[PDB]
Amino acid sequence: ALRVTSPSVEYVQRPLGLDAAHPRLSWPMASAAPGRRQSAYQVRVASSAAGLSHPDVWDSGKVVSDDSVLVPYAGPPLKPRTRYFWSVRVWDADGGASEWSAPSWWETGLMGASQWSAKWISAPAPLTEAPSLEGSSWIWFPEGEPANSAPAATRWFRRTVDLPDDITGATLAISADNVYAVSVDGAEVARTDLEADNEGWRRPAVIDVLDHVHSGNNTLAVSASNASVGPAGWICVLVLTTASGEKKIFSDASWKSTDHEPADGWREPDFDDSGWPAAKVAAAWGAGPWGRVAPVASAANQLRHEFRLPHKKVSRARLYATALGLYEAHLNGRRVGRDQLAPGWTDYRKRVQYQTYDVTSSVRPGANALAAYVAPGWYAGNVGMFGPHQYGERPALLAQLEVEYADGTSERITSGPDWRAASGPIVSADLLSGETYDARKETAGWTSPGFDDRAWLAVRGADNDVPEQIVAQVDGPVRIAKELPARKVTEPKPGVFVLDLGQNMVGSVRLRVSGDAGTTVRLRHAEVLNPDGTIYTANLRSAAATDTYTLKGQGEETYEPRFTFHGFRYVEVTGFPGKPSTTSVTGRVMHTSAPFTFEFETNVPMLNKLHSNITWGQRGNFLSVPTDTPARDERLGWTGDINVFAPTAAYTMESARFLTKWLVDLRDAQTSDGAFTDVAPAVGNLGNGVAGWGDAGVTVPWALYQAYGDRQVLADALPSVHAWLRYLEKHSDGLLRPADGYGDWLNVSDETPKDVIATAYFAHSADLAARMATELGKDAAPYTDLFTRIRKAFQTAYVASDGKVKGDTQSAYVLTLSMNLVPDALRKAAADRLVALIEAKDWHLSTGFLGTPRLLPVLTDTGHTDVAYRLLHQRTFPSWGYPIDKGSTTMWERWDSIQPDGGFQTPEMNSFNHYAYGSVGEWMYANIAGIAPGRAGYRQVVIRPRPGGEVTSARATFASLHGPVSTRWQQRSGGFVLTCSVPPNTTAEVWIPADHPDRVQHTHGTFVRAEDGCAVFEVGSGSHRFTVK
Ligand SMILES: C[C@@H]1O[C@@H](O)[C@H](O)[C@H](O)[C@H]1O
Ligand SMILES: C[C@@H]1O[C@@H](O)[C@H](O)[C@H](O)[C@H]1O
Ligand SMILES: C[C@@H]1O[C@@H](O)[C@H](O)[C@H](O)[C@H]1O
Ligand SMILES: C[C@@H]1O[C@@H](O)[C@H](O)[C@H](O)[C@H]1O
Ligand SMILES: C[C@@H]1O[C@@H](O)[C@H](O)[C@H](O)[C@H]1O
Ligand SMILES: [Ca+2]
Ligand code: NA
Ligand code: NA
Ligand code: NA
């Protein structure tokens, strides 16, 4: 009979902390018998599993309907903090009922900010702010008015200061317009370089100088240089921490200065500077051209609170938490959950996502401790090419622990003013720069009760802007999905070890190391190597991606970063005591917690590698937001890249929750006049209203609808889509769009006119809007009319009588054919011209970001699958095979990220992990695996494998919302066999290539017609076989 397998709610089994008013239920079904359909369903919801026999929440009754996917709960209003148990049964076409599904559950969260009583808290100023320059002065040589203008020259400065006894700490914060070199008692402690200066004065350095300072007289010496005629000055504070208190030494007129290069020895204590004039104050801090310059601190501080709970039986405990920043929570000596980088990146002004954890087994009678690390993340740390403090200056925590007891009583413990804070071991934590950890600074026992925190500091109430909304997390939290042990160790320079993980991955490592306390190991991360085996990092640009660990000297130490991530295949290890082995470093692969949903294997090793690389490029860039690259100083939610890649993404991973979440980010960023931004979340003032980029607001909801049959994503998008079309029509002339935007980004010397691109995308968005309106049962006429008018304008402007398209590029034909812009009479001619251009490039593509995803599909649509296969199997540059032969394990940003001569493309922009060119995937899955949606969400599957090129054998399984869709085919000794599995409540259209269609043997289904050299069959669910001999 028919049975329900793996029922889900909002795409997952047993969601915890789900705030949806009408959660959507799904019931994949299984049957060993073919041809099964659902005629009806009945859902029950109750407050207990046992209670489902007499349900107290909802009973839908028997509902006549074949709906089995994303069916919205339609009972009484759901309440916060409540677990709802549910079961479904179905009736088949003959009216026989299934068993009730094994009871499952979902649990609501807080359902809005009003249910929180917690307060936002931060570590206090001594722990969050770097030593400040306030109270100090910018100084220079006494010449003119240096804050206005000084010569392009070097000046020299000296100060001898009598330091206090019992110094326990010493820090120097220093900045110069334009550069400096500073020494203590003749030893250089810091410098900046002219040839690297880009307004370096804005970014003071903070240096630990305890190793060079002592009590009594210390001689400080500074050289500073001005880069050109204009303002000059340098500023510092030396902060000495003592047993007594704090002592500060400033840059000021007590310093001596000279404008003539001094004799050598000028940095030494006993040098004679009695003839030097006093330095001149150029401006007090905050004055001059420089403003309120401050060094940046990025500690991940420890926050904790101990509390007593009653000695009663616990029924349930939940922790609800979030941060402006990142956090990791601990309760009674045990880490809470397995999420990384919680709560993820949203526009924190508009929303922050919160997490719900089951901590029933962790709570104790009597004494308890709740604790957290709180780090800068995207909220306060470096973001893209834009520096830190994008949303706020320092991170904040919100936490609410609810304990329910068997007697019906409860306790609530919250973040608030009674919590205490300490620096702990995470000295610095930045997504881009890396994490710095000193194991000697650990505070053993801090996450457990009975801990001595008298010398910890009171927390402050956070001064952060309050998010408008606190929302249950929509996407799968980032979690470690796999470990990659190092596969070999090399030593390309003495004491510099490089460990190869064998795959370009995203996450961070586990380091295992034994040695003396105070030994510091440095870990740098790279996507590629230099020809000499050293790591190449120039393409990372300003992202250091460096983690630093200082040992505590206790056995085989383990270091795992928490508040950073990197994109890398190779790890360079320096400062290691002895020689690392393969066990010393292990990659921890991190991404959204969503299943992989497409298994694909052919007889062709190169295609199998291509598929692997696609899935690695996807997972590497699916951490909180869909990123362009996970490695360099960017990692932004680029609309264009996800536009092109979304249809492929939705084959290979369950991408519904992930891209649903992202589309909320995109709509949060849409401008008041309706323009979608180039990136979302919107940071760095990058721009908006770009064809092929902003259009992701239309194309991504449509891609999700096609793959999943998710109608809610269309309903949620259509208003923003309307506003986008209004914006586009306003910014056009006779419906032709300007030649602006990124265009067919990174094409191979075949640049498509940007007005052709822009007008084409405008038409396509109108087309998709009409399709959305139609699916939702709304009036589609206005959108259809708009599409008609744009297509007419497009054809008149850009399409010639012989079918040539303006620009005559591969992408010009690909886009116009794909988007149905070529007049029907001229499709043949346009496609012939495309093939001619490919032939003229010696059977190579020339397409960039926008052309590539549509290239092979258009070729197949126009009767040139053989050409598609020629391009697919191509191994020389440019092609998919070319990087694979060079050892790629992901998709590269450029067709020539490594050039034919072996050199790298320009580090100004050159990533080895962009998913855009992995858009070939959808062609393979639809045409080699033969798995494509005939109706949205695979309610009907079109099974049309097209054997060709080198492919004689293929097998695939797609995990659709209805259950598995599988194919297996083989050409052997003239014959062809295809087997497939089609899940209950769906149907298939199967195309079997044959010289004689009516001769095709088949266990199930009905021959309906011969078309395009195939027997076409319509078949219901089941395990089918087709044979041609
Ligand atoms: C304040 C001023 O800012 C920039 O124009 C340069 O960094 C210059 O050298 C500096 O003097
Ligand atoms: C304070 C002290 O005085 C003298 O011994 C010299 O001037 C010496 O260099 C200085 O550091
Ligand atoms: C390459 C492939 O990718 C995903 O399906 C899983 O991580 C699987 O374990 C791995 O082998
Ligand atoms: C136009 C934009 O340019 C690069 O800087 C991004 O990494 C992204 O791939 C692309 O869409
Ligand atoms: C998040 C942040 O918000 C504002 O300060 C600006 O829009 C800026 O460009 C962006 O980076
Ligand atoms: Ca200057
Ligand atoms: Na959850
Ligand atoms: Na449905
Ligand atoms: Na002297």
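Any idea which of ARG635, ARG619 is on the phi > 0 side of the Ramachandran plot, under 14 Å from the mean Cα position of the chain (by Cα) and either more than 16 Å from ligand 6 (Cβ to nearest atom) or not assigned by CATH to the domain that holds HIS764 (or both)? Steps first, answer last, please.
Numbers: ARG619 fails: on the phi > 0 side of the Ramachandran plot.
One residue alone meets the criteria, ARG635.
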Handout entry: Odd one out for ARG44 among (1) more than 32 Å from the chain's Cα centre (by Cα); (2) surrounded by fewer than 21 Cβ atoms within 10 Å (Cβ to Cβ); (3) more than 30 Å from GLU1018 (Cα to Cα)
Key = (2)
Problem - Members of the stretch 640-680 that are under 18 Å from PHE386 (Cα atoms) and in a helix (DSSP H, G or I) - result: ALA669
Exercise for the section: State all residues of the stretch 799-836 that are under 19 Å from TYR742 (Cβ atoms) and surrounded by fewer than 22 Cβ atoms within 10 Å (Cβ to Cβ); if no residue qualifies, say none. Expected result: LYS806, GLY807, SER818, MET819
Exercise for the section: Determine if the stretch 328-337 includes at least one residue that is more than 16 Å from ligand 9 (Cβ to nearest atom), in contact with a strand residue (DSSP E or B) (Cβ under 8 Å, 6 or more places away or on another chain), assigned to a loop (DSSP other than H, G, I, E, B) and under 14 Å from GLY476 (Cα atoms). Expected result: yes
Completion exercise
Here the residues within the stretch 281-302 that are over 30 Å from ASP438 (Cα atoms) and either within 16 Å of ligand 1 (Cβ to nearest atom) or assigned by CATH to the domain that holds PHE563 (or both) are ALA282, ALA283, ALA284, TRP285, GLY286, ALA287, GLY288, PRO289, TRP290, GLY291, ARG292
Handout entry: All positions within the stretch 756-797 that are of a type in the set (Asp, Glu) and surrounded by 20 or more Cβ atoms within 10 Å (Cβ to Cβ)
Key = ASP767
Completion exercise
Filtering the stretch 53-75 down to residues that are closer than 19 Å to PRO15 by Cβ and more than 16 Å from ligand 8 (Cβ to nearest atom) yields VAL57, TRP58, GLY75
Exercise for the section: Report yes if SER175 is crowded, with 21+ Cβ neighbours inside 10 Å, small (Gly, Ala, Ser) and outside any loop (DSSP other than H, G, I, E, B), otherwise no. Expected result: yes
Exercise for the section: Tally the residues that are within 16 Å of ligand 3 (Cβ to nearest atom) and more than 17 Å from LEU856 (Cα to Cα), restricting the search to the stretch 916-959. Expected result: 5
Exercise for the section: Take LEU821 and decide whether it is outside any loop (DSSP other than H, G, I, E, B) and touching a strand residue (DSSP E or B) at 6+ places or on another chain (Cβ under 8 Å). Expected result: no
Practice task
Would you be able to say whether some residue in the stretch 299-322 is away from ligand 9 (no atom under 16 Å from the Cβ), in a loop (DSSP other than H, G, I, E, B) and crowded, with 19+ Cβ neighbours inside 10 Å?
Solution key: yes
Problem - Residue list for the stretch 346-382, filter: under 28 Å from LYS313 (Cα atoms) and part of a loop (DSSP other than H, G, I, E, B) - result: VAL359, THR360, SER361, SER362, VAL363, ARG364, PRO365
Exercise for the section: Go through the stretch 749-784 and count every residue that is closer than 17 Å to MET819 by Cβ and of a type outside the set (S, T, N, Q). Expected result: 19
Problem - Any chance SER584 is within 29 Å of the chain's Cα centre (by Cα), within 15 Å of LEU499 (Cα to Cα) and of a type in the set (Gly, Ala, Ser) - result: yes
Practice task
Restrict the check to the stretch 811-832 and report whether at least one residue is within 20 Å of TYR915 (Cβ to Cβ) and small (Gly, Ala, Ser).
Solution key: yes
Exercise for the section: Would you mind stating whether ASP452 is part of a loop (DSSP other than H, G, I, E, B) and either within 23 Å of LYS350 (Cα to Cα) or in contact with a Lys or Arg (Cβ under 6 Å, 6 or more places away or on another chain) (or both)? Expected result: no
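Please work out if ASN504 is closer than 30 Å to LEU663 by Cβ, in a loop (DSSP other than H, G, I, E, B) and out of contact with any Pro (no Cβ under 6 Å at 6 or more places or on another chain). Explain how you work it out, then say what you get.
Working: closer than 30 Å to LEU663 by Cβ: yes; in a loop (DSSP other than H, G, I, E, B): no; out of contact with any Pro (no Cβ under 6 Å at 6 or more places or on another chain): yes.
Spelling it out, it is not the case that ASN504 is closer than 30 Å to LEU663 by Cβ, in a loop (DSSP other than H, G, I, E, B) and out of contact with any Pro (no Cβ under 6 Å at 6 or more places or on another chain).
Condition (residue is surrounded by 14 or more Cβ atoms within 10 Å (Cβ to Cβ) and touching a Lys or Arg at 6+ places or on another chain (Cβ under 7 Å)) applied to the stretch 10-17: is it met by at least one residue?
yes
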Handout entry: Restricting the stretch 512-548 to residues that are assigned to a strand (DSSP E or B) and among the polar types (S, T, N, Q), the residue that is surrounded by the fewest Cβ atoms within 10 Å (Cβ to Cβ)
Key = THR520
Exercise for the section: Scan the stretch 184-196 and give yes if some residue there is part of a strand (DSSP E or B) and under 15 Å from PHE250 (Cα atoms), otherwise no. Expected result: yes
Exercise for the section: Go through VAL509, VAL474 for me and flag whichever is in a loop (DSSP other than H, G, I, E, B), among the hydrophobic types (A, V, I, L, M, F, W, C) and under 23 Å from the mean Cα position of the chain (by Cα). Expected result: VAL474
Exercise for the section: State which residue is farthest from ligand 2 (Cβ to nearest atom) when the search covers only the stretch 880-890 and only residues that are surrounded by 21 or more Cβ atoms within 10 Å (Cβ to Cβ) and within 16 Å of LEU845 (Cα to Cα). Expected result: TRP880
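Neighbour counts run over all protein chains shown; Cβ positions are idealised from the backbone, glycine included. The values are calculated or read from the model by the stated rules, or taken from the named source; no laboratory instrument gave them.
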